[PDB]
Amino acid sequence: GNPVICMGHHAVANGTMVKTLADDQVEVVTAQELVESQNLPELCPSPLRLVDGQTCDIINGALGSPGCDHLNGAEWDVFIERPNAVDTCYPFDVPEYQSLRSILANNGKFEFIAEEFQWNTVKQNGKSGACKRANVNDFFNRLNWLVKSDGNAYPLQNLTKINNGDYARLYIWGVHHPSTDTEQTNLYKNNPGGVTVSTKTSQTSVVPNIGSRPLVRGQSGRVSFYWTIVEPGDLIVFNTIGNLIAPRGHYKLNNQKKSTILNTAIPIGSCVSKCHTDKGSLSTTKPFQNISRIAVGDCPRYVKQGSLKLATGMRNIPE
């Protein structure tokens, strides 16, 4: 008795190294990379709705700065905000800048509803050379710069808007800060000025701040922007004796807010992907990625490792 039968397994000339609990370099026949380390050099405009701010960041977009008209009526899953965005209007700050930016981006649309505000005897539609629109002096087109009457008068303002719609309203308003006491009286008249905006369960009061600031677009004055949300069944009251940068209406807020914002200089292309990093879209089925912690959409999970290989075959023992 002399025939032989042998049981065995395959092998290849050169396999792939993987890690186990006990060994950090085990050669197996095949393996699969689980970390995506390669990104597209562009953002995919599908299936997610991307809106390119271009030269306007989202705050200037809400305010209606010059050059931001293309953002009117816009709706987005992801607002694409550009690093090389430019201020093209009156110098301003927003006391809770990131919170306003967050609310606007999350909300996911710029749907402005014009409203008329019977302001007393004050002059309206103040403009500035810092906010040029085709070299004609202009201003934020969502705001209304209120100044004193011709007959040397700024009366107490006392206006009310009632919300009986079926959506919450976002009112953006501001307070102007003059550079000198002469400036304050030359615009306002009153000194000090002051703004008070209130709802049933909330309020806000601002004292203007007079002082010389660095020149920005030929101005020493500043505007500070604020906002007020008005729920259905609520209402809003504007009270001023000066320095109010009034709203021309309100933004519509979605009941459900599901959108966001991504700050990146990456161009929008023609590809298809549901995962965007600040370095570009990902196109992958891998469970992890090492490209950026900044990622939005249906994405692999961000990890520190550059590579993690899953064995998809047995130990490779050639010959």
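Don't overthink the numbering: it's just position in the shown sequence, from 1.
- Between 130-138 and 104-112, it is 130-138 that carries the larger average Cα temperature factor according to the deposited entry.
- For the pair 202-210 and 226-234, the mean Cα B-factor is higher in 202-210.
- Ranking 85, 156, 94, 143 by the C-alpha B-factor listed in the PDB entry places 156 at the top.
- The PDB entry assigns its highest CA temperature factor, among 73, 193, 174, 249, to 193.
- Among the modelled residues of the chain, residue 52 sits in the middle third by CA temperature factor in this PDB entry.
- Among the modelled residues of the chain, residue 90 sits in the middle third by CA temperature factor in this PDB entry.
- Residue 215: CA B factor lies in the highest third for its chain, per the PDB record.
- When the modelled residues of the chain are ordered by C-alpha B-factor, residue 119 sits in the highest third.
- The deposited CA B-factor of residue 188 belongs to the highest third of values across its chain.
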